[PDB]
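Novice: Sharing work08.cif here; it has mmCIF, C-alpha atoms; chains and numbers go by the auth columns.
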data_start
#
loop_
_atom_site.group_PDB
_atom_site.id
_atom_site.type_symbol
_atom_site.label_atom_id
_atom_site.label_comp_id
_atom_site.label_asym_id
_atom_site.label_seq_id
_atom_site.Cartn_x
_atom_site.Cartn_y
_atom_site.Cartn_z
_atom_site.B_iso_or_equiv
_atom_site.auth_seq_id
_atom_site.auth_asym_id
ATOM 1 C CA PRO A 1 -25.540 12.760 64.534 0.00 2 A
ATOM 2 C CA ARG A 2 -29.093 11.866 63.521 0.00 3 A
ATOM 3 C CA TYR A 3 -30.326 12.110 59.940 0.00 4 A
ATOM 4 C CA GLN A 4 -33.673 11.831 58.180 0.00 5 A
ATOM 5 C CA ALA A 5 -33.738 10.463 54.652 0.00 6 A
ATOM 6 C CA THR A 6 -36.713 10.900 52.336 0.00 7 A
ATOM 7 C CA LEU A 7 -36.762 8.063 49.806 0.00 8 A
ATOM 8 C CA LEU A 8 -39.111 7.723 46.871 0.00 9 A
ATOM 9 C CA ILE A 9 -39.786 4.274 45.435 0.00 10 A
ATOM 10 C CA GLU A 10 -41.556 4.789 42.117 0.00 11 A
ATOM 11 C CA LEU A 11 -42.755 2.591 39.257 0.00 12 A
ATOM 12 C CA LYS A 12 -40.699 2.357 36.077 0.00 13 A
ATOM 13 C CA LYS A 13 -42.286 3.467 32.810 0.00 14 A
ATOM 14 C CA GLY A 14 -44.652 0.927 31.289 0.00 15 A
ATOM 15 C CA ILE A 15 -45.265 -0.821 34.606 0.00 16 A
ATOM 16 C CA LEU A 16 -48.997 -0.745 35.344 0.00 17 A
ATOM 17 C CA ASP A 17 -50.197 1.531 38.159 0.00 18 A
ATOM 18 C CA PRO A 18 -53.776 0.646 39.155 0.00 19 A
ATOM 19 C CA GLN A 19 -53.533 2.883 42.233 0.00 20 A
ATOM 20 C CA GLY A 20 -52.571 5.834 40.078 0.00 21 A
ATOM 21 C CA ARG A 21 -55.264 5.144 37.493 0.00 22 A
ATOM 22 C CA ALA A 22 -57.775 5.270 40.354 0.00 23 A
ATOM 23 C CA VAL A 23 -56.538 8.581 41.774 0.00 24 A
ATOM 24 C CA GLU A 24 -56.933 10.001 38.261 0.00 25 A
ATOM 25 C CA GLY A 25 -60.581 8.992 38.376 0.00 26 A
ATOM 26 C CA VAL A 26 -61.004 10.588 41.802 0.00 27 A
ATOM 27 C CA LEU A 27 -59.467 13.891 40.743 0.00 28 A
ATOM 28 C CA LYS A 28 -61.381 13.867 37.463 0.00 29 A
ATOM 29 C CA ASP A 29 -64.600 13.401 39.429 0.00 30 A
ATOM 30 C CA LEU A 30 -63.607 16.455 41.479 0.00 31 A
ATOM 31 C CA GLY A 31 -63.295 18.845 38.550 0.00 32 A
ATOM 32 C CA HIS A 32 -59.507 18.574 38.598 0.00 33 A
ATOM 33 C CA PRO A 33 -58.273 17.682 35.093 0.00 34 A
ATOM 34 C CA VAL A 34 -55.189 15.475 35.276 0.00 35 A
ATOM 35 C CA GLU A 35 -53.056 13.988 32.564 0.00 36 A
ATOM 36 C CA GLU A 36 -51.447 11.374 34.808 0.00 37 A
ATOM 37 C CA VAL A 37 -50.982 10.239 38.403 0.00 38 A
ATOM 38 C CA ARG A 38 -48.189 7.821 39.269 0.00 39 A
ATOM 39 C CA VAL A 39 -48.348 6.425 42.797 0.00 40 A
ATOM 40 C CA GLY A 40 -45.123 5.458 44.510 0.00 41 A
ATOM 41 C CA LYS A 41 -43.950 4.941 48.081 0.00 42 A
ATOM 42 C CA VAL A 42 -42.190 7.543 50.204 0.00 43 A
ATOM 43 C CA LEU A 43 -40.265 6.455 53.285 0.00 44 A
ATOM 44 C CA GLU A 44 -39.113 8.925 55.930 0.00 45 A
ATOM 45 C CA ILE A 45 -36.241 7.141 57.687 0.00 46 A
ATOM 46 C CA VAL A 46 -34.527 8.531 60.769 0.00 47 A
ATOM 47 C CA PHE A 47 -31.187 6.924 61.556 0.00 48 A
ATOM 48 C CA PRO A 48 -27.732 7.708 62.987 0.00 49 A
ATOM 49 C CA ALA A 49 -24.530 8.134 60.975 0.00 50 A
ATOM 50 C CA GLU A 50 -21.014 9.385 61.710 0.00 51 A
ATOM 51 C CA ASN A 51 -21.297 12.132 59.095 0.00 52 A
ATOM 52 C CA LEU A 52 -23.158 13.334 56.003 0.00 53 A
ATOM 53 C CA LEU A 53 -21.115 11.110 53.697 0.00 54 A
ATOM 54 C CA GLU A 54 -22.081 7.989 55.635 0.00 55 A
ATOM 55 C CA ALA A 55 -25.641 9.245 55.959 0.00 56 A
ATOM 56 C CA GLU A 56 -25.891 9.397 52.173 0.00 57 A
ATOM 57 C CA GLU A 57 -24.273 5.978 51.777 0.00 58 A
ATOM 58 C CA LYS A 58 -26.606 4.301 54.264 0.00 59 A
ATOM 59 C CA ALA A 59 -29.604 6.132 52.783 0.00 60 A
ATOM 60 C CA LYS A 60 -28.936 4.972 49.227 0.00 61 A
ATOM 61 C CA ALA A 61 -28.103 1.457 50.449 0.00 62 A
ATOM 62 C CA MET A 62 -31.489 1.132 52.117 0.00 63 A
ATOM 63 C CA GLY A 63 -33.148 2.552 49.028 0.00 64 A
ATOM 64 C CA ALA A 64 -31.651 -0.290 46.991 0.00 65 A
ATOM 65 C CA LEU A 65 -33.124 -2.845 49.378 0.00 66 A
ATOM 66 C CA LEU A 66 -36.590 -1.363 48.922 0.00 67 A
ATOM 67 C CA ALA A 67 -36.948 -1.221 45.135 0.00 68 A
ATOM 68 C CA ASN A 68 -38.079 -4.178 43.041 0.00 69 A
ATOM 69 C CA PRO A 69 -35.558 -4.465 40.129 0.00 70 A
ATOM 70 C CA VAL A 70 -38.206 -5.053 37.461 0.00 71 A
ATOM 71 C CA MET A 71 -40.914 -2.710 38.715 0.00 72 A
ATOM 72 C CA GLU A 72 -39.210 0.195 40.494 0.00 73 A
ATOM 73 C CA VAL A 73 -36.380 2.665 41.024 0.00 74 A
ATOM 74 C CA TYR A 74 -35.487 4.553 44.191 0.00 75 A
ATOM 75 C CA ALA A 75 -34.429 8.145 44.726 0.00 76 A
ATOM 76 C CA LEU A 76 -32.999 9.893 47.764 0.00 77 A
ATOM 77 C CA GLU A 77 -35.315 12.920 47.529 0.00 78 A
ATOM 78 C CA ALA A 78 -33.940 14.600 50.646 0.00 79 A
ATOM 79 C CA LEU A 79 -31.410 14.073 53.426 0.00 80 A
ATOM 80 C CA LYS A 80 -31.053 16.388 56.398 0.00 81 A
ATOM 81 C CA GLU A 81 -29.210 16.345 59.693 0.00 82 A
ATOM 82 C CA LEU A 82 -31.619 16.461 62.620 0.00 83 A
ATOM 83 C CA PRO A 83 -31.099 19.248 65.173 0.00 84 A
ATOM 84 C CA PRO B 1 -49.129 24.932 30.117 0.00 2 B
ATOM 85 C CA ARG B 2 -48.356 21.531 31.668 0.00 3 B
ATOM 86 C CA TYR B 3 -46.836 20.845 35.106 0.00 4 B
ATOM 87 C CA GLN B 4 -45.742 17.927 37.255 0.00 5 B
ATOM 88 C CA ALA B 5 -46.238 18.079 40.999 0.00 6 B
ATOM 89 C CA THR B 6 -44.536 15.750 43.461 0.00 7 B
ATOM 90 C CA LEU B 7 -46.981 15.391 46.353 0.00 8 B
ATOM 91 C CA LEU B 8 -46.146 13.506 49.520 0.00 9 B
ATOM 92 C CA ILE B 9 -49.083 12.259 51.602 0.00 10 B
ATOM 93 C CA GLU B 10 -48.009 10.978 54.983 0.00 11 B
ATOM 94 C CA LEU B 11 -49.596 10.067 58.305 0.00 12 B
ATOM 95 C CA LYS B 12 -49.668 12.730 61.010 0.00 13 B
ATOM 96 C CA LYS B 13 -47.310 12.011 63.888 0.00 14 B
ATOM 97 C CA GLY B 14 -49.156 10.104 66.584 0.00 15 B
ATOM 98 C CA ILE B 15 -50.988 7.971 64.027 0.00 16 B
ATOM 99 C CA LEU B 16 -49.927 4.326 64.264 0.00 17 B
ATOM 100 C CA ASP B 17 -47.879 3.237 61.220 0.00 18 B
ATOM 101 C CA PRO B 18 -47.750 -0.600 61.248 0.00 19 B
ATOM 102 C CA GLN B 19 -46.012 -0.896 57.883 0.00 20 B
ATOM 103 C CA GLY B 20 -43.312 1.514 59.043 0.00 21 B
ATOM 104 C CA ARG B 21 -42.899 -0.514 62.219 0.00 22 B
ATOM 105 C CA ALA B 22 -42.580 -3.723 60.196 0.00 23 B
ATOM 106 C CA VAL B 23 -39.854 -2.114 58.055 0.00 24 B
ATOM 107 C CA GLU B 24 -37.849 -0.940 61.080 0.00 25 B
ATOM 108 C CA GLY B 25 -37.861 -4.515 62.297 0.00 26 B
ATOM 109 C CA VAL B 26 -36.693 -5.985 59.003 0.00 27 B
ATOM 110 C CA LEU B 27 -34.014 -3.333 58.511 0.00 28 B
ATOM 111 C CA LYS B 28 -32.828 -4.299 61.993 0.00 29 B
ATOM 112 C CA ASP B 29 -32.866 -7.988 61.040 0.00 30 B
ATOM 113 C CA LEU B 30 -30.874 -7.141 57.912 0.00 31 B
ATOM 114 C CA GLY B 31 -28.169 -5.209 59.742 0.00 32 B
ATOM 115 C CA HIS B 32 -29.440 -1.678 59.095 0.00 33 B
ATOM 116 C CA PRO B 33 -30.751 -0.592 62.529 0.00 34 B
ATOM 117 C CA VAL B 34 -32.714 2.645 62.223 0.00 35 B
ATOM 118 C CA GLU B 35 -34.491 4.950 64.657 0.00 36 B
ATOM 119 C CA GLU B 36 -37.842 5.188 62.889 0.00 37 B
ATOM 120 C CA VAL B 37 -39.539 4.513 59.553 0.00 38 B
ATOM 121 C CA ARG B 38 -42.727 6.290 58.413 0.00 39 B
ATOM 122 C CA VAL B 39 -44.277 4.947 55.216 0.00 40 B
ATOM 123 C CA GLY B 40 -46.310 7.238 53.029 0.00 41 B
ATOM 124 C CA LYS B 41 -47.289 7.618 49.409 0.00 42 B
ATOM 125 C CA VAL B 42 -45.812 9.840 46.720 0.00 43 B
ATOM 126 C CA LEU B 43 -47.951 11.077 43.828 0.00 44 B
ATOM 127 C CA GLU B 44 -46.336 12.433 40.653 0.00 45 B
ATOM 128 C CA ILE B 45 -49.149 14.399 39.052 0.00 46 B
ATOM 129 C CA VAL B 46 -48.990 15.794 35.515 0.00 47 B
ATOM 130 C CA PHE B 47 -51.733 18.378 35.049 0.00 48 B
ATOM 131 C CA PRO B 48 -52.579 21.684 33.258 0.00 49 B
ATOM 132 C CA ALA B 49 -52.622 25.233 34.642 0.00 50 B
ATOM 133 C CA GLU B 50 -52.639 28.837 33.389 0.00 51 B
ATOM 134 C CA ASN B 51 -49.311 29.611 35.034 0.00 52 B
ATOM 135 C CA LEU B 52 -46.884 28.507 37.734 0.00 53 B
ATOM 136 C CA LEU B 53 -48.769 30.340 40.469 0.00 54 B
ATOM 137 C CA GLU B 54 -52.047 28.710 39.535 0.00 55 B
ATOM 138 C CA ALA B 55 -50.220 25.397 39.150 0.00 56 B
ATOM 139 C CA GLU B 56 -48.822 25.691 42.679 0.00 57 B
ATOM 140 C CA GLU B 57 -52.337 26.469 43.878 0.00 58 B
ATOM 141 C CA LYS B 58 -53.809 23.498 42.026 0.00 59 B
ATOM 142 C CA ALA B 59 -51.076 21.213 43.352 0.00 60 B
ATOM 143 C CA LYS B 60 -51.834 22.128 46.967 0.00 61 B
ATOM 144 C CA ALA B 61 -55.579 21.834 46.288 0.00 62 B
ATOM 145 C CA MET B 62 -55.151 18.256 45.098 0.00 63 B
ATOM 146 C CA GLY B 63 -53.052 17.443 48.147 0.00 64 B
ATOM 147 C CA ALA B 64 -55.825 18.844 50.341 0.00 65 B
ATOM 148 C CA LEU B 65 -58.413 16.876 48.367 0.00 66 B
ATOM 149 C CA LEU B 66 -56.522 13.569 48.502 0.00 67 B
ATOM 150 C CA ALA B 67 -55.136 13.552 52.048 0.00 68 B
ATOM 151 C CA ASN B 68 -57.261 12.516 55.040 0.00 69 B
ATOM 152 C CA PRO B 69 -57.756 15.853 56.867 0.00 70 B
ATOM 153 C CA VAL B 70 -57.682 14.281 60.315 0.00 71 B
ATOM 154 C CA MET B 71 -55.040 11.590 59.856 0.00 72 B
ATOM 155 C CA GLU B 72 -52.693 12.727 57.105 0.00 73 B
ATOM 156 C CA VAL B 73 -50.786 15.789 55.964 0.00 74 B
ATOM 157 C CA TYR B 74 -49.651 16.582 52.433 0.00 75 B
ATOM 158 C CA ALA B 75 -46.558 18.382 51.235 0.00 76 B
ATOM 159 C CA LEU B 76 -45.761 19.734 47.778 0.00 77 B
ATOM 160 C CA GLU B 77 -42.219 18.374 47.519 0.00 78 B
ATOM 161 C CA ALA B 78 -41.576 19.754 44.019 0.00 79 B
ATOM 162 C CA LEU B 79 -43.276 21.396 41.038 0.00 80 B
ATOM 163 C CA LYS B 80 -41.952 21.849 37.515 0.00 81 B
ATOM 164 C CA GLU B 81 -43.260 23.019 34.183 0.00 82 B
ATOM 165 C CA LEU B 82 -43.178 20.433 31.409 0.00 83 B
ATOM 166 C CA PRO B 83 -42.747 20.870 27.638 0.00 84 B
#
Would you give me this structure, written as structure tokens?

Specialist:
Amino acid sequence: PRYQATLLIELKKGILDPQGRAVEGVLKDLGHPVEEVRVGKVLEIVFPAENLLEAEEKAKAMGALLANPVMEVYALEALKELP
Amino acid sequence: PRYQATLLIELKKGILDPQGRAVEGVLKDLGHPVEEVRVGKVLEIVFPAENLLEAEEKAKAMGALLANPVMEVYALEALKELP
């Protein structure tokens, strides 16, 4: 079957986030008070797998390839079988 | 109280995603052939609101404010109240 994995690659605590600091400014300029904005990457990956167990394994494996050890962590935010 | 919204901002289908195309290629080169990769941004936003309903409303308002109306779409992936 075909699966779609939603992976989030986000910055670890303490790692600087200039992109986020900028969005904060943008929202603040638009009357939208914000305490913090952390910008990460989201990857929607569509791929085949024999079953859900392999889907999850391949999903997490790819997530590991995407995250920088020092700066980031990955999370499999969602995983669904495509109709 | 305080809330954290997980907002995904991705390109509408039909919009060319060069980064996503580059990733598909590399995954292929690395032995992880996939069908498609779409690269977007994830924003973890900590902000204040009167209640959960108003927080949900504010979350979607920020997505609408930050996403390109013609080329992107936003999605409130999650929303939780914080201490």

Novice: Do a neighbour search on region 38-44 of chain A at 9 Å with all atoms listed in the file, toss out local chain neighbours closer than 6 positions, and write the hits as a VMD selection string.

Specialist: (chain A and resid 6 to 12 18 to 25 73) or (chain B and resid 9 to 11 21 38 to 48)

Novice: Residual C-alpha RMSD for chain B onto chain A, least squares, all atoms in order?

Specialist: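 With all C-alpha atoms paired in order, the RMSD is 0.8 Å.
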
Novice: Kindly indicate which residue among A:15, A:32, A:26, A:49 lies nearest to chain B, using all atoms listed in the file for the distances.

Specialist: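 Nearest to chain B: A:49.
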
Novice: In Å, rounded to a single decimal, give me how far CA of residue 66 (chain B) is from CA of residue 80 (chain A).

Specialist: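 The value is 27.6 Å.
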
Novice: For residue 5 (chain B), which residue among A:51, A:57, A:78, A:37 is the nearest when counting all atoms listed in the file?

Specialist: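 Checking each candidate against residue 5 (chain B), we get A:37 as the closest.
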
Novice: Any idea what the distance is between CA of residue 67 (chain A) and CA of residue 29 (chain B)?

Specialist: 13.9 Å

Novice: Could you check how far CA of residue 77 (chain B) sits from CA of residue 63 (chain B), in Å to one decimal?

Specialist: 9.9 Å

Novice: Pick out the closest residue to chain B from this set: A:82, A:53, A:69, A:59. Count all atoms listed in the file.

Specialist: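 Between A:82, A:53, A:69, A:59, the residue approaching chain B most closely is A:59.
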
Novice: Here's a test: counting only C-alpha atoms, identify every protein, DNA and RNA residue with an atom at most 7 Å from (-51.5, 19.8, 48.2) in the file's coordinate frame, and state them as number ranges by chain.

Specialist: B: 8, 60-65, 75-77

Novice: Using all atoms listed in the file, find the one residue out of B:70, B:34, B:2, B:84 that sits nearest to chain A.

Specialist: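 Counting all atoms listed in the file, the residue closest to chain A is B:34.
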
Novice: Using all atoms listed in the file, which of the listed residues (B:35, B:27, B:56, B:17) sits closest to chain A?

Specialist: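 Between B:35, B:27, B:56, B:17, the residue approaching chain A most closely is B:35.
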
Novice: Which one is closest to chain A: B:71, B:54, B:16, B:31? Count all atoms listed in the file.

Specialist: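 Result for the nearest residue to chain A: B:31.
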
Novice: Restore N, CA and C atoms in region 49-75 of chain B and list the result as a short mmCIF file (atom, residue, chain, number, x, y, z; two decimals), in the coordinates of the input.

Specialist:
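Wrote selection_39.cif, looks like this:
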data_model
loop_
_atom_site.label_atom_id
_atom_site.label_comp_id
_atom_site.auth_asym_id
_atom_site.auth_seq_id
_atom_site.Cartn_x
_atom_site.Cartn_y
_atom_site.Cartn_z
N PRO B 49 -52.62 20.36 33.89
CA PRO B 49 -52.58 21.68 33.26
C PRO B 49 -52.89 22.84 34.20
N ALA B 50 -52.39 24.03 33.85
CA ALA B 50 -52.62 25.23 34.64
C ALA B 50 -52.26 26.46 33.81
N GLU B 51 -52.89 27.59 34.12
CA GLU B 51 -52.64 28.84 33.39
C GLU B 51 -51.21 29.33 33.54
N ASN B 52 -50.67 29.18 34.75
CA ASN B 52 -49.31 29.61 35.03
C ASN B 52 -48.77 28.88 36.25
N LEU B 53 -47.52 29.15 36.59
CA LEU B 53 -46.88 28.51 37.73
C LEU B 53 -47.61 28.78 39.04
N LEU B 54 -48.07 30.00 39.24
CA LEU B 54 -48.77 30.34 40.47
C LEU B 54 -50.03 29.51 40.59
N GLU B 55 -50.82 29.48 39.52
CA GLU B 55 -52.05 28.71 39.53
C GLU B 55 -51.74 27.22 39.63
N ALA B 56 -50.60 26.81 39.09
CA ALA B 56 -50.22 25.40 39.15
C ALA B 56 -49.88 25.02 40.59
N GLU B 57 -49.20 25.92 41.29
CA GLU B 57 -48.82 25.69 42.68
C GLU B 57 -50.11 25.57 43.49
N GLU B 58 -51.06 26.45 43.19
CA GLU B 58 -52.34 26.47 43.88
C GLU B 58 -53.11 25.19 43.63
N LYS B 59 -53.11 24.73 42.37
CA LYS B 59 -53.81 23.50 42.03
C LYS B 59 -53.14 22.30 42.69
N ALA B 60 -51.81 22.31 42.73
CA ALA B 60 -51.08 21.21 43.35
C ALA B 60 -51.47 21.06 44.82
N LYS B 61 -51.47 22.17 45.56
CA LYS B 61 -51.83 22.13 46.97
C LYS B 61 -53.31 21.79 47.17
N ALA B 62 -54.15 22.12 46.19
CA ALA B 62 -55.58 21.83 46.29
C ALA B 62 -55.81 20.33 46.15
N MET B 63 -55.02 19.69 45.31
CA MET B 63 -55.15 18.26 45.10
C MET B 63 -54.62 17.51 46.33
N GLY B 64 -53.58 18.06 46.94
CA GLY B 64 -53.05 17.44 48.15
C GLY B 64 -54.13 17.50 49.22
N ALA B 65 -54.77 18.66 49.35
CA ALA B 65 -55.82 18.84 50.34
C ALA B 65 -57.01 17.93 50.05
N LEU B 66 -57.30 17.73 48.77
CA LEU B 66 -58.41 16.88 48.37
C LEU B 66 -58.14 15.38 48.57
N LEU B 67 -56.89 14.97 48.39
CA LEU B 67 -56.52 13.57 48.50
C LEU B 67 -56.09 13.07 49.87
N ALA B 68 -55.58 13.96 50.72
CA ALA B 68 -55.14 13.55 52.05
C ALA B 68 -56.29 13.54 53.05
N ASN B 69 -56.24 12.60 53.99
CA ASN B 69 -57.26 12.52 55.04
C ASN B 69 -56.99 13.72 55.95
N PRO B 70 -57.94 14.66 56.03
CA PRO B 70 -57.76 15.85 56.87
C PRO B 70 -57.38 15.60 58.32
N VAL B 71 -57.96 14.57 58.92
CA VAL B 71 -57.68 14.28 60.32
C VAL B 71 -56.47 13.39 60.57
N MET B 72 -56.15 12.51 59.64
CA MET B 72 -55.04 11.59 59.86
C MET B 72 -53.80 11.71 59.00
N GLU B 73 -53.84 12.55 57.98
CA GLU B 73 -52.69 12.73 57.10
C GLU B 73 -52.40 14.20 56.87
N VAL B 74 -51.23 14.45 56.31
CA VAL B 74 -50.79 15.79 55.96
C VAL B 74 -50.14 15.63 54.59
N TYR B 75 -50.26 16.66 53.75
CA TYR B 75 -49.65 16.58 52.43
C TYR B 75 -48.57 17.63 52.35
#
